[PDB]
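K.L.:
Below is the sequence, then the experimental coordinates.
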Amino acid sequence: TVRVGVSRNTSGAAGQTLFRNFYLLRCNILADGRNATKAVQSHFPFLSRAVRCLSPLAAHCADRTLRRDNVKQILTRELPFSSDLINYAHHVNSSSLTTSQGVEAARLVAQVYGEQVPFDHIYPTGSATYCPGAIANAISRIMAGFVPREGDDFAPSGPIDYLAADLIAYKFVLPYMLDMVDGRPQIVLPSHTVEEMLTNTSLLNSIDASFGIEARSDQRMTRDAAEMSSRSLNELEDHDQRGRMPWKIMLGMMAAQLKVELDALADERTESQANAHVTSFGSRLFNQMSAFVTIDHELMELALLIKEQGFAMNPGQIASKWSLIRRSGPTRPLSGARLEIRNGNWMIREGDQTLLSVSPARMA
Amino acid sequence: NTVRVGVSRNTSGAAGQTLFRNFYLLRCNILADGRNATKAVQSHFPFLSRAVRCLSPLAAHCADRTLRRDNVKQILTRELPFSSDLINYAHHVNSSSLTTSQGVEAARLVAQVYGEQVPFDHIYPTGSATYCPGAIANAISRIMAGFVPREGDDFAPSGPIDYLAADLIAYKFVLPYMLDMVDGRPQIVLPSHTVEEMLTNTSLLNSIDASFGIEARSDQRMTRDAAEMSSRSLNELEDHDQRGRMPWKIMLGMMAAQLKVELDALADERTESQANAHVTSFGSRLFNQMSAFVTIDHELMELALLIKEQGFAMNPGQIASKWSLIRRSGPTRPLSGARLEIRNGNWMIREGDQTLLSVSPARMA
Amino acid sequence: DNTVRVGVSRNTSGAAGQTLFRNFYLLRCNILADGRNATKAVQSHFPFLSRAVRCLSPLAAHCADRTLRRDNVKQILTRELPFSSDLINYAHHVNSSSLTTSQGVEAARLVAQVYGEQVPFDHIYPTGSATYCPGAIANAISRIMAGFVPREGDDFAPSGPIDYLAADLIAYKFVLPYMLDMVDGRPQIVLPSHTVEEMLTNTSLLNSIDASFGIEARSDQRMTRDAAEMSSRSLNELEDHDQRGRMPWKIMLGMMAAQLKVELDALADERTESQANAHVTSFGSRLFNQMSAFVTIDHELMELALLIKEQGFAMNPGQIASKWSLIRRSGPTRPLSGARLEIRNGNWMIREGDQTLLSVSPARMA
Amino acid sequence: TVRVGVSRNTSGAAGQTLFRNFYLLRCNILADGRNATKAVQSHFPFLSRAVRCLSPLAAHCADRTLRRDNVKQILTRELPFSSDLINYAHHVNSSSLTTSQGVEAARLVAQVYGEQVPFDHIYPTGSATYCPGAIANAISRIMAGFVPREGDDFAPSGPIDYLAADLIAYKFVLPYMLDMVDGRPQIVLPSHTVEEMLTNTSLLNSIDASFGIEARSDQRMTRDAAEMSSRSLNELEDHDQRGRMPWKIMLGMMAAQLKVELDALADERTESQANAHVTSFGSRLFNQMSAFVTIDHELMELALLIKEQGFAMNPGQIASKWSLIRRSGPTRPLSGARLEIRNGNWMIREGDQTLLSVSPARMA
Amino acid sequence: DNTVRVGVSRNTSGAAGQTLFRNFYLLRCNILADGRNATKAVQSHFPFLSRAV
């Protein structure tokens, strides 16, 4: 050549997602943006959407008028992706996304909402198995005023639940368990799996949560006693249309979906080893799942293992530890720990060292 | 030993001031110009801002569904309760400075479409020629938000939630405007009737239209008119029995009528107006805050044009005089030569190349 | 009922910001307080410099404007006090001494005589004048290469013929200018041995300038390394053709660099504003990152980049202005013969011993 | 039912502070209110508190009865902040805050007050090094009537020093030097460092200060007979209880603390570089240290340099300039300049140009 | 022993103000915020006209 041609090439990739065919465990991992080092960053879109759905109206306000997408062609494919079906609350027969446990809550929801809404596609009547995520999405959207059409659509025509309207003012949520200690209410660590509470609907009444507003004026009154700007789920006025039990069932059902998905991932050691190099997976998983720790003790053990390991664990180790937790049951004597709630947070402390802590969870 | 009860007078001494206490919308809070030497006193209308924010009733009333009892019964049932409080809690007031006879047919129309599901007598006494537009507007907003009123007591969050209030949650901006059938197709036109006339002939309210828009605030896409995707017009929403479109239009017109009657009554407050001749930001703030109602009415448009032509620096007495002149004289400026154009989502009037007026979407949340 | 959605009420209009050096064109900087994070080191951006480096592929840069903008240009340019930024944006000559330069008029005359026969070139470069605005010539030559036609008070004339190279540069997204000198009887890349003014005055020197163009494959590939350089062509390797404007492109590059140097020289006069904004520590870092396309062909810009890297990317306008003035007056600073030039990983590297004195990555043509 | 309404988040926060370990040079950063990207507003809280302590009773009056807060928590920790310790008059072994110069004055204070106060923790006897700020705070507290407890706290049990009861009436203070030129007293430039004349404690007799009132309301008049309504420290009637010598020792001690912190600032290169954008730092330091410039060599030179550079200097520049002043001795040719007094202001003039100007500081 | 007395400020700076028509002689004006009272009708003063009379 007349001149030398040393030059540039990138083949710069853009966009990436793995753990396909899952719903909550889907992660759109990407290279680190600003740092020159190509470390792997993570984010779970569907899990964030599920966490935000706890205020159903504010979560689904846009779709009542704006989106109105052509959903018909999506679900009518020969082999549509399960995640889209669960996002629109359609039952899927995949063994890796269903469980027989907790079917009593599904029957309760079917009989409490089936009388004014078609529900067979959401959950077939009398089926021993069900998809918890589908029922959670169905109850969320039905609270949001939508009506699940059989023909792959949601029609914004149904009545709006009172709790969905109430939850507009509150941006922050905090679930937890409770017990009748010394003839007074007091917060306790989770004593049951979500399976027991879904099966025992009466036992579900012990669940409670607290909501809080958002602002930017500096916090007043020592930043922890700002209590008139917060309310608890069970303290709200009782009403027929106020979906308290539907909301609790939604939370428990989402937690059960996460547990079932992790259990299914427990057998997926091949791809996890292929992607074991990602340890920020564990950190982002912990950050997004933090809302569910305070209701199930099995999830608490996984969170504790991740925290002790240093907020950095590979998917293979997560799978192995989840399987070990599921098989073993109560692994450690947690009675030595003490439960505290300071500066608005929720933490458990053994001795002086804080064993685990929980932060504000944003819902809208 | 003795009790330790006591008080310190912790207060700077110099504080703000409030003006036009009796008036509902035109009540304003005057604050000195910060720590600056300009000495141009700030002005702000709190109830007018709340009224404009009420156009999304659920988002504007979601807090009160849980977070207040506040002994409001004492406020309502005082010996001499503030008319602002009564009108805020959807209570009719017999004061001649806040009641009008025009548009009463629309008032009874809403009173009978909500007559049986609510004790509506205290909001609009049946058969009374006069009525308080602000009270009916607040009642419509509350009922649309999922409340039910009581006489003397607080609203009870017990009633059903209209579909329009739920739909409006996704949107933050609003822009009312009239419509007309020209060239066989609909096009935006300047206001042609007063809100009083258009309320008396309730069929005309079908001409009102408004378009809402989201607020993304991501530092991108600012100038793109592909944002037309993220918008919907009020008349474009699918019809439904519970979707209170006509109540919404009636509420907007009612708020505009309340502002009009208060401006009319302002002419009688000459003593306070002349005592407060030094607050020249009154006109500018009023022009900034009324921007949602100018696009629907003649006289508000004329007042806005006068304020802009006067440089925004005028006091309450000037505003009262100009409003009386507009009410008595009729259309003054020449609008045959004034073109109406929409550019980048702004309702503006252009004369040749000169922009006589520009209106931006109001903040509705 | 009657429905019109032409009323569009969306709004996404930012939080806050500021602009400095309004009278300037290239060094006009946009300042944004990074409220997203607690750290208060303000963020800086040079829009016109980014646009100028973007325009190295004129057709891909100017394609979007071939239809969209028809609102007004004369209303801005024919204003009472048109801004130098806008005028140079629309290839209009500007009378200000800070922007205009007297050296290197030969290249301006060359481009005027090449394109004057088929364009109203008088307003871009008045004939016989000693002072010319290099930014205006750069914008004019870019627009002509993109197929536009200037006008006295507008530029919306997408009617002229489109250059062959402007179409060739649609397939590429990354560019790396660099000097090339005849050494050891074979072609070889070398450090910049001349300032842009010397080679603009003596236009024969531009034959030594060279550039390399590269593709951006969007596939989810592993980061490609050497032996993928086959998907890349050098500017001088392209076969000769009359329409193909190589020398126009090189002149545009040199002219843009000269405009940057003139702006930097004029910055020293702006001591008042440089002092009033002494807290903008990101000025040096942002300018160092953005000018990276030009440092490979000029002595003084290379020295400025080297001193910036040595200092530590912490220069407010005053420090950079004073250092530029010192570099201009003194000229040579350090013994670069001790250092050596290397190319590795598609990057332009100058090194002494084992340390990397300055690293340049190819720019984003976009 | 269960009605445990635990509060949840309500707002966010903003602000920043630098130099955690330092005591006087700790600064609080706030973004400019008018526009978010203008010059940062810096402020030194502890330096202002030290300057306000020069009227100890008025500075500590509230703490006698009102703010009897929990102090045991702050002192009794694994790593209490040095600022808290120096604020409560505790010796600290930190090298950056301990100086070996003027220790004879420290033991002079100890033997003056050690007879009736547990002065061991303020200044351990026989220590070659000491904390000037701790001793200054101890002197201020003791003059205010407080007594430092052996159990690391303060109690208002001691007697009120007579000088503190006199400085209540005065709001403005202005230290300056004196000399017996031509057999008369006249104000002179600082000829000694505080660090050196705390050794020869006899030289403290040269120091003099002028106090005066914040007179009655008057919108325009620049004086209220400013000379008639003011008094000087050396003019007050003598009495044993008057802590005049302790007061001057406290002033010199605070100045020495500032100088040693400026010396230690040189090693803090990382935080200085990270805060290069903080140009208001130097202007604020010049504004607030104006009480100590009229008594020391090096502070005067530093103030002159700051004025020359235009009140815009990031911390690294100040560190370099202070190192240069310390290492090179007297650099500026002050011989060409003269002192003068203008309506109470203390200024240095060369020809007609005003090289420097100092106004009375505020005591409370 | 050695005493030199110096002055102090008569601070009333809370009454912030400014001036109008600085280039005029008589109509030069000084305006002061109402400090003693809460009302906001800014009080004014023409110094040079007072001096002239």
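P.N.:
Structure received. Numbering: from 1, shown residues only, chains lettered A, B, ... in the order given.
K.L.:
what's near enough to touch the residue of the stretch 51-200 of chain A found nearest chain E?
P.N.:
Scanning the stretch 51-200 of chain A for proximity to chain E using Cβ to the nearest Cβ identifies residue A:169 as nearest, at 36.2 Å. For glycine as for every other residue, the C-beta is placed from the backbone atoms N, C-alpha and C. By Cβ atoms under 8 Å, 6 or more residues apart in numbering or on different chains, residue A:169 lies in contact with A:213, B:62, B:63, B:65, B:66, B:67.
K.L.:
One more: residue A:177?
P.N.:
Counting by Cβ under 8 Å, 6+ apart, residue A:177 makes contact with A:187, A:188, A:189, A:190, A:191, A:206, A:207, A:208, A:294, A:295.
K.L.:
List, one by one, the residues from chain A near chain D.
P.N.:
A:172-174, A:176, A:178, A:180, A:185-187, A:206, A:208, A:210-219, A:223-227, A:229-232, A:234-235, A:341, A:344, A:346, A:360 (Cβ under 8 Å from any Cβ of the partner chain).
K.L.:
please redo it, this time with the cut-off set to 7 Å
P.N.:
Chain A comes close to chain D at residues A:172, A:174, A:178, A:185, A:187, A:208, A:210-213, A:215-219, A:224-227, A:229-232, A:234-235, A:341, A:344, A:360, as judged by Cβ under 7 Å from any Cβ of the partner chain.
K.L.:
Can you say which of the residues you listed are buried?
P.N.:
Neighbour counting by 16 or more other Cβ atoms under 10 Å in any protein chain shown classes A:172, A:174, A:178, A:185, A:187, A:208, A:210-213, A:219, A:224, A:226-227, A:229-232, A:234, A:341, A:344, A:360 among the residues of chain A next to chain D as buried.
K.L.:
quick check, nearest of the contacts of residue A:177 to chain B?
P.N.:
Nearest member of those to chain B, counting by Cβ to the nearest Cβ, is residue A:208, at 15.3 Å.
K.L.:
Tell me the bridge partners for that closest one.
P.N.:
Taking DSSP bridges as the rule, residue A:208 bridges to residue A:176.
K.L.:
Which positions in chain A make contact with chain B?
P.N.:
Counting by Cβ under 7 Å from any Cβ, chain A sits next to chain B at A:57-58, A:61-62, A:64-66, A:145, A:157, A:159-160, A:165-166, A:168-169, A:231, A:236.
K.L.:
Of those, select the buried ones using a ChimeraX command.
P.N.:
In ChimeraX, this line selects whichever of these come out buried by 16+ other Cβ under 10 Å:
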select /A:57,58,61,64,65,66,145,160,165,166,168,169,231,236
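K.L.:
In the stretch 1-150 of chain A, what residue comes closest to chain D?
P.N.:
For the stretch 1-150 of chain A, Cβ to the nearest Cβ, closest residue to chain D: residue A:54, 13.0 Å.
K.L.:
A helix includes that residue, no?
P.N.:
No: Residue A:54: not assigned to a helix; according to DSSP: H, G, I helix; E, B strand; the rest coil it is coil.
K.L.:
Chain neighbours aside, what residue packs nearest to it?
P.N.:
Sequence neighbours aside, residue A:363 is the residue nearest to residue A:54 in space, at 4.6 Å (criterion: Cβ to Cβ, 6 or more residues apart in numbering or on different chains).
K.L.:
could I get the helix or strand harbouring residue A:356 in CSV with only the CA atoms?
P.N.:
Using DSSP states H and E, residue A:356 falls within strand A:353-358. Output of strand A:353-358 as CSV, limited to C-alpha atoms (Å, rounded to 0.1, in the frame of the first residue of the first chain):
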residue,chain,number,x,y,z
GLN,A,353,-22.2,-8.0,65.9
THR,A,354,-25.1,-7.4,63.6
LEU,A,355,-26.0,-10.7,62.0
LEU,A,356,-28.2,-9.3,59.2
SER,A,357,-29.9,-6.0,58.4
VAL,A,358,-32.7,-4.9,56.0
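K.L.:
what pairs with it, and is each one parallel or antiparallel?
P.N.:
strand A:346-350 (antiparallel).
K.L.:
Residues contacting the partner strand, please?
P.N.:
A:174, A:176, A:189, A:294, A:336-340, A:354-358 (Cβ atoms under 7 Å, 6 or more residues apart in numbering or on different chains).
K.L.:
Show the buried residues in the residues you listed.
P.N.:
Buried members of these, counted by 16+ other Cβ under 10 Å: A:174, A:176, A:189, A:294, A:337, A:339, A:355, A:356, A:357, A:358.
K.L.:
Now the residue lying closest to residue A:116 once chain neighbours are set aside. Its backbone dihedrals?
P.N.:
Closest residue to residue A:116 apart from its sequence neighbours, by Cβ to Cβ, 6+ apart: residue A:158 at 7.7 Å. Main-chain torsions, residue A:158, degrees, to the nearest 10: phi -80, psi 170.
K.L.:
Show me which helix runs longest in chain A.
P.N.:
For chain A, the helix that runs over the most residues, judged by DSSP state H, is helix A:244-266.
K.L.:
residues in contact with the residue lying closest to residue A:22 once chain neighbours are set aside?
P.N.:
Nearest non-adjacent residue to residue A:22, counting by Cβ to Cβ, 6+ apart: residue A:261, 6.1 Å away. Neighbouring residues of residue A:261 by Cβ under 7 Å, 6+ apart: A:22, A:23, A:24, A:25.
K.L.:
let's see 8 Å
P.N.:
By Cβ under 8 Å, 6+ apart, the neighbours of residue A:261 are A:22, A:23, A:24, A:25, A:96, A:97.
K.L.:
ditto for residue A:155
P.N.:
A:146, A:147, A:149.
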